[PDB]
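Have a look at the structure below, then the notes.
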Amino acid sequence: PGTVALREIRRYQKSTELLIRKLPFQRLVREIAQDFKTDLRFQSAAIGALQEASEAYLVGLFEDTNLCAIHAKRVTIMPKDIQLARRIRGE
Amino acid sequence: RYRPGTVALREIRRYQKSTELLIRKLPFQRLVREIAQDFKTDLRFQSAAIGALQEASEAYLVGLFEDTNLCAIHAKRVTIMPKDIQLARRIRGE
Amino acid sequence: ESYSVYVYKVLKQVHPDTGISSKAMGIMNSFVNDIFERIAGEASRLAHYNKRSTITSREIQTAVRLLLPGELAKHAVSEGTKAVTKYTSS
Amino acid sequence: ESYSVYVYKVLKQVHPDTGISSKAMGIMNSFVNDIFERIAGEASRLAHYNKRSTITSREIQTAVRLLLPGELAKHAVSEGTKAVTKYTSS
Amino acid sequence: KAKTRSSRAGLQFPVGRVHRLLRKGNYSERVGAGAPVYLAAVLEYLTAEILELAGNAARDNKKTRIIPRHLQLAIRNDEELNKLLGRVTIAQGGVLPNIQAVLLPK
Amino acid sequence: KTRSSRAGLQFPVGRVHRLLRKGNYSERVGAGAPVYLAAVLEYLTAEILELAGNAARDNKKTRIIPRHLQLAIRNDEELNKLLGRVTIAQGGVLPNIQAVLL
Amino acid sequence: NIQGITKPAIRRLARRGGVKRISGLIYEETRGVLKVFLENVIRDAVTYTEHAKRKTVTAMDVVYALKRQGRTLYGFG
Amino acid sequence: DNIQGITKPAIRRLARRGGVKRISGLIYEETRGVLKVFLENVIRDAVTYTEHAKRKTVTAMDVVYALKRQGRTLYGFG
DNA sequence: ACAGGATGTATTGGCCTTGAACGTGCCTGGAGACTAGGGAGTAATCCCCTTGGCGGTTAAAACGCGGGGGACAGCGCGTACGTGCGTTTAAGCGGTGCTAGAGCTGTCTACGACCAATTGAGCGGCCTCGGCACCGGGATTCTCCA
DNA sequence: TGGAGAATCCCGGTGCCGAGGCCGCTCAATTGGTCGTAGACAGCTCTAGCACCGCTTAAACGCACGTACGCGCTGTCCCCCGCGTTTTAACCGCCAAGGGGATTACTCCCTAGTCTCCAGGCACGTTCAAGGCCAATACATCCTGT
């Protein structure tokens, strides 16, 4: 299990593309925005900014989760690790 | 003779119910002045300034210790170690 | 210049039989000054974003919505609207 | 209104053979705008604390020393003072 | 003949002082007539909320005077005020009693 | 004739003066403040651009893309401390794999 | 629409974060965290949009909201 | 020198208010270092504020402004 | 499981000091009534840009299988931290005396805000050509077995 | 195993599309002149920050002992990982049609600025009810032999 995972870590830390498909993200953003105002229109650059911010946030959170998991003497990440990282971050 | 742990819980209860400062005042004042000497010479301090510094320092240390205690129970331990402080400060961004 | 008189009036309105000390009054003054600064800064930024040169009640309303959490914001908006309506009608 | 021309001249001074893409120039414009806002806000705050009505070079120097870290601040101060002395001598 | 702007709006906070503070903090070049009436009402509401909670906290300790400890307890026991003042240190306030479950005697 | 030529700068001194006078920072603005601010901004831009150009030259490239800016910023302690809470679009991350995982 | 954030996408995001092994309950937790983040940002952006009496959400609105939450973003205006 | 006036019982008292039940013997040096760094930052900012005002005395308002600059607001000192 | 036993801990009741709450003058800062100029609330128009639908391709998502590595529990040992006592050390509290420096006041000057002409620096389009990404095609190099 | 077999790196071709340069025009930056007020400096007053001395006692330091806990080792089993079909839907290019974002002109009404009047808030100077404190004492709690 080490080989392909390490190769993927090397590959995805060298690139800079987006890692979430763009059609689903638009639908999620639009569905969330329905609970604040009805019949809303989005620019094609607002959604790109939202996706960039979301992906950066998630990658940083996973970086912190990995540290918590290693602190627990593990190589696998678990929901407890995300919860501890978010509690210490003040979220 | 009380068993190891009872007096610790009693002290936790005692110190979580009070609001007094926990560090002595003269040693803290000396440390503040010694640190300030490396920025400017012949500095004078108002009493309220050192009081504010002490309040802020003690609050910061107490919060850091709470986070450190959370990091230790995550590793199935009841004893805090320097690794826990190091992890908490790393996650905090310090 | 402080907010001691008005804090005391509000206190005797909510709790007629309760007093306050001096350090608690200092904390209350710090609280009022802090929140005033927050709302004023947000209103200034909102006015600058839309290329306007006046701070109206609209900017205060939007700043209150941006800064306060949840139900606090709704009740603050209700109180502010009631005050402005009563002021204009008089 | 953007900072593209000046960033381009600085680039040609530092690296006379390297170009820059159009999605990096936006990053540079955002950088300049953010640093300008930071320094100006801190200078305004310093002037307000001391009951002054003017923002001078002293306020800018203090803001630069308060915001920038370590050895960046020293070089920034040197550049600013040299520029002001050259401007006054002219 | 003179009537204060706070009596006109039914407020206890000073509208005339807030108007002056808005024109001397360099927030804009003109200030509307209703902005200091809205800001004062919001400030008064927040003060009243905190004071109600602190008075209850003081009455629960058989006391008739609010001290910083009561303010801290009131702020940290309320979910919304805690979010509003999550990066604020209160002098002589202390902390909330809380011991982790794993550390209690078995 | 231009206020930038008299200071030996490539950044606009007049535009900075206009932006200081219309951003509600103070009632009056002194004559030396635009020069100081322009000099500081020019210095910071030069630093970032030098590091980014070196990063682009490490690879066989002659153009600066946001990736090079990110690599320049994160590999310098001072700039990393200054720009610590800032996200750069299409910048990626620094490649670091922690030990124990190898 | 939250199920459009797929397991392969969360694995890629974890790989960019330098993660070797992932548990099976991570995906739902990540979906919830993403939802909370998006809700906060979008609420602030639509608040900026209702002010100025507009019906279209712009990029500068999301930039302002992200700056207001301490997550300054470069490259979009 | 004066960093040793922050004694082991004092740090134990501070850790008890944070709810700690057991403390290792290497905690005290780490705590002293952390406190020194924090004080250095705050005092640097406050002394810069004092120098700007053309003063030879540090006041409480300088400390308040410094702490609020570092994102740690303090109530009760003005 | 339980019952003494020494210990910490929650009750009163009585003094009893300071600080909280009140009352007075008086001095600014808030309010009232005009006047004059421009900020912004409304219409009306142009044209960008957002949304919606459709066909085709193919890269990515989903599903199932089989096996090994990693998480988690149980056990043993030995280091080190909690507990309680006896011995040193210096923090804390007053009192006195001494300036250094912060706060306020008065006067005089030079620096920054306006305002009206004038001209060239900086967007805006329109081309034009090489960096770079892509595309095969060998050459070179990491992982696993007799 | 130091022999295979993919993975990766290194080579040219190429072509295309985006950065970089050139020209016409308008609007914001420069210049010259004046004025009124903000900041600078000197002289003065007096509060508060610093320093020394002596006593008393509350923390700090040190020491020894025994116990709970940190850490390593081992075993089991099950759950993530990797891989080969199918199946879904994202992506791209194209066309079509208003919603509404972005300017512009006209007009009114709202906010700044001034002078006058006057009452709300601040600084002092007494006082008498909270709350911290001290014995004195009956309960709630921990630990242990049986």
Side-chain angles (χ1 to χ4, degrees), chain A residues 1-5 7 21-24 39 41-44 72-76 78, chain B residues 1-8 10 24-27 42 44-47 75-79 81, chain C residues 2 4-5 8 19-22 25 52-54, chain D residues 2 4-5 8 19-22 52-54 56, chain E residues 1-5 14-17 19-20 23 29-33 63-65 67 105, chain F residues 1-3 12-15 17-18 21 27-31 61-63, chain G residues 4 6-9 21-24 54-56 58, chain H residues 5 7-10 21-25 55-57 59:
Chain A
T3 64
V4 189
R7 184 168 333 150
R21 312 249 82 62
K22 305 170 59 175
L23 272 206
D39 195 2
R41 312 210 146 192
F42 278 85
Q43 269 188 3
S44 73
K73 286 194 182 0
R74 282 186 276 104
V75 316
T76 313
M78 263 147 201
Chain B
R1 188 178 236 243
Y2 290 108
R3 271 163 91 183
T6 296
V7 181
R10 166 187 323 161
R24 310 255 73 73
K25 292 186 172 179
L26 270 67
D42 194 11
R44 305 177 130 220
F45 278 90
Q46 285 188 356
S47 57
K76 280 74 62 61
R77 277 169 335 181
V78 301
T79 315
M81 320 214 155
Chain C
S2 74
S4 284
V5 174
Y8 205 73
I20 197 142
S21 50
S22 281
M25 197 45 102
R52 327 212 79 83
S53 73
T54 320
Chain D
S2 34
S4 318
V5 181
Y8 208 84
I20 180 150
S21 93
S22 147
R52 300 285 180 92
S53 325
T54 180
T56 72
Chain E
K1 195 165 47 190
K3 300 173 44 60
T4 69
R5 276 190 283 175
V15 179
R17 178 182 289 184
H19 197 184
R20 198 238 316 166
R23 297 190 296 93
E29 71 156 354
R30 320 165 68 86
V31 178
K63 299 277 182 283
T64 89
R65 238 142 66 183
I67 62 163
Chain F
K1 202 170 177 305
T2 292
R3 277 200 295 181
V13 174
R15 179 178 308 191
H17 200 178
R18 188 192 83 240
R21 278 187 276 97
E27 307 184 6
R28 299 150 64 89
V29 173
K61 304 166 180 177
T62 88
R63 274 224 281 279
Chain G
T6 57
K7 165 188 176 179
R21 220 162 175 267
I22 317 182
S23 167
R54 255 155 35 222
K55 310 215 208 353
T56 287
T58 63
Chain H
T7 62
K8 147 174 175 63
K21 189 181 165 181
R22 215 166 184 256
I23 312 166
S24 176
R55 283 200 305 265
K56 305 182 140 133
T57 287
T59 72

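A, B, ... follow the sequence lines: proteins, then strands. Residue 1 opens every chain. Worth knowing before you read on, the calculation uses all heavy atoms, side chains too, and leaves out hydrogens, waters and symmetry mates.
Contact detail for H/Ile23 and B/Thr79: the closest heavy-atom pair is C-CG2, 4.0 Å. Shown here for H/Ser24 and B/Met81, the closest heavy-atom pair between the two residues is CB-CA, 4.5 Å. Scanning both residues, H/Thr57 and B/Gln46, for their nearest heavy atoms gives CG2-CG, 4.0 Å. Of all heavy-atom pairs spanning D/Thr54 and F/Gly30, the tightest one is OG1-N, 3.8 Å. Counting all heavy atoms, side chain and backbone alike, G/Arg54 lies closest to G/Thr58 at NH2-OG1, 3.4 Å.
With both ends at atom P, the span from I/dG125 to I/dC48 equals 11 Å, rounded to whole Å. For the P atom pair drawn from I/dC98 and J/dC128, the interatomic distance equals 41 Å after rounding to whole Å. As rounded to the nearest Å, J/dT88 and J/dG15 have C1' atoms that lie 35 Å from one another.
In this model, the phosphate group of I/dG39 is not approached by any side-chain N or O of C/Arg52 to a distance below 4.0 Å at OP1 or OP2. Put simply, F/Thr2 has no side-chain N or O that comes within less than 4.0 Å of OP1 or OP2 on J/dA29.
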Please write out each protein N/O paired with an N/O of nucleotides 139-144 of chain J under 3.5 Å, distance rounded to 0.1 Å.
{"residue": "J/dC143", "atom": "OP1", "partner": "B/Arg3", "partner atom": "N", "Å": "3.3"}
{"residue": "J/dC143", "atom": "OP1", "partner": "B/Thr6", "partner atom": "OG1", "Å": "2.7"}

Can you check nucleotides 109-116 of chain J for protein contacts, nitrogen or oxygen pairs under 3.5 Å, and list what you find?
{"residue": "J/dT111", "atom": "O4'", "partner": "E/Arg30", "partner atom": "NH2", "Å": "3.3"}
{"residue": "J/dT111", "atom": "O2", "partner": "E/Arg30", "partner atom": "NH2", "Å": "3.4"}
{"residue": "J/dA112", "atom": "OP1", "partner": "E/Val31", "partner atom": "N", "Å": "3.0"}

Using a cut-off of under 3.5 Å, enumerate the N/O to N/O pairs linking the protein to nucleotides 67-72 of chain I.
{"residue": "I/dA71", "atom": "OP1", "partner": "A/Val75", "partner atom": "N", "Å": "3.1"}
{"residue": "I/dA71", "atom": "OP1", "partner": "A/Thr76", "partner atom": "N", "Å": "3.0"}
{"residue": "I/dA71", "atom": "OP1", "partner": "A/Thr76", "partner atom": "OG1", "Å": "2.9"}

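Residues G/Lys55 and A/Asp39 have side chains not in contact (no heavy-atom distance under 4.5 Å, counting atoms from C-beta outward). Between D/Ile20 and D/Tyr8, the closest side-chain pair of non-hydrogen atoms falls below 4.5 Å. Using a 4.5 Å heavy-atom threshold, the side chains of E/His19 and E/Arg5 count as touching.
When the P atom of I/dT51 is taken as reference, atom CZ of A/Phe42 falls 9 Å away, rounded to whole Å. With rounding to whole Å, B/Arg44 atom CZ is found 11 Å from J/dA51 atom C1'. Regarding G/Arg54, its CZ atom lies at a distance of 15 Å from the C1' atom of I/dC49, rounded to whole Å. Regarding F/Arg3, its CZ atom lies at a distance of 14 Å from the P atom of J/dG32, rounded to whole Å. For the pair B/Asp42 CG and I/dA102 P, the computed distance is 11 Å after rounding to whole Å. Whole-Å rounding puts the A/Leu23 CG to I/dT51 P distance at 13 Å.
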Once pairs are restricted to Watson-Crick or G-U wobble with both distances under 3.5 Å, how does DNA chain J read as a dot-bracket string, [ ] for crossings and | for other-strand pairs?
...||||||||||||||||||||...|.|.|||||.||.|||.|||.||.|||||.|....||||.|.|||||||||||..||||...|.||||||||||..|||.|.||.|||||.||..|||||....|.|||||....|.|||
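Taking for each of H/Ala10 and B/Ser47 the nucleotide of DNA chain J with the nearest heavy atom, the 5'-most of the two is the partner of B/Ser47. Summary of the strand contacts: G/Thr6 and H/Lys8 both lie near DNA chain I, and taking for each the nucleotide with the nearest heavy atom, the more 5' one is attributed to G/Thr6. Between E/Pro14 and G/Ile22, the residue whose closest nucleotide on DNA chain J is further toward the 5' end is G/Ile22.
Judged by the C1'-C2'-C3'-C4' torsion, which is positive here, the sugar of I/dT57 sits on the north, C3'-endo side. A negative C1'-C2'-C3'-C4' angle places the sugar of I/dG69 in the south (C2'-endo) family. Regarding nucleotide J/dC83, the torsion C1'-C2'-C3'-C4' is less than zero, so its sugar is described as south.
Classified by its glycosidic torsion, J/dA130 falls in the syn category, the angle being within 90° of 0.
Applying the salt bridge (charged side-chain N to carboxylate O under 4.0 Å, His left out) criterion to E/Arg23, with sequence neighbours excluded, gives no partner residue. A search for side chain to side chain donor-acceptor pair (under 3.5 Å) contacts involving A/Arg74 returns A/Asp81, not counting sequence neighbours. Checked against side chain to side chain donor-acceptor pair (under 3.5 Å), G/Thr6 has no partners two or more places apart in sequence or in another chain. With sequence neighbours excluded, no residue forms a salt bridge (charged side-chain N to carboxylate O under 4.0 Å, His left out) with A/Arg41. Evaluation of the side chain to side chain donor-acceptor pair (under 3.5 Å) rule for A/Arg21 yields no partner, not counting sequence neighbours. Residues passing the salt bridge (charged side-chain N to carboxylate O under 4.0 Å, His left out) test with B/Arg10, sequence neighbours excluded: none. Residues satisfying the side chain to side chain donor-acceptor pair (under 3.5 Å) criterion with F/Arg28, sequence neighbours excluded, are absent altogether.
The side chain of A/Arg21 lies closest to I/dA60, out of I/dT50, J/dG101, I/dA60. Of all nucleotides listed (J/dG39, I/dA61, I/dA102), J/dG39 comes nearest to the side chain of D/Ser53. Of the candidate nucleotides J/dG132, I/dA61, I/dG92, I/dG92 has the atom nearest to the side chain of B/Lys25.
Note: E/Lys63 NZ to E/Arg65 CZ = 10.5 Å, rounded to the nearest 0.5 Å.
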Reading nucleotides 10-34 of chain I from 5' to 3' and marking B where a protein heavy atom lies under 4.0 Å of the base, S where only the sugar-phosphate is that close, and - otherwise, the string is ----------SS--------SSS--
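The number of heavy atoms from other shown groups lying within 6.0 Å of NZ (E/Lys3) is above 12.
Under the 3.5 Å distance criterion, with hydrogens and angles disregarded, a donor-acceptor pair is assigned to the side chains of C/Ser53 and E/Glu29.
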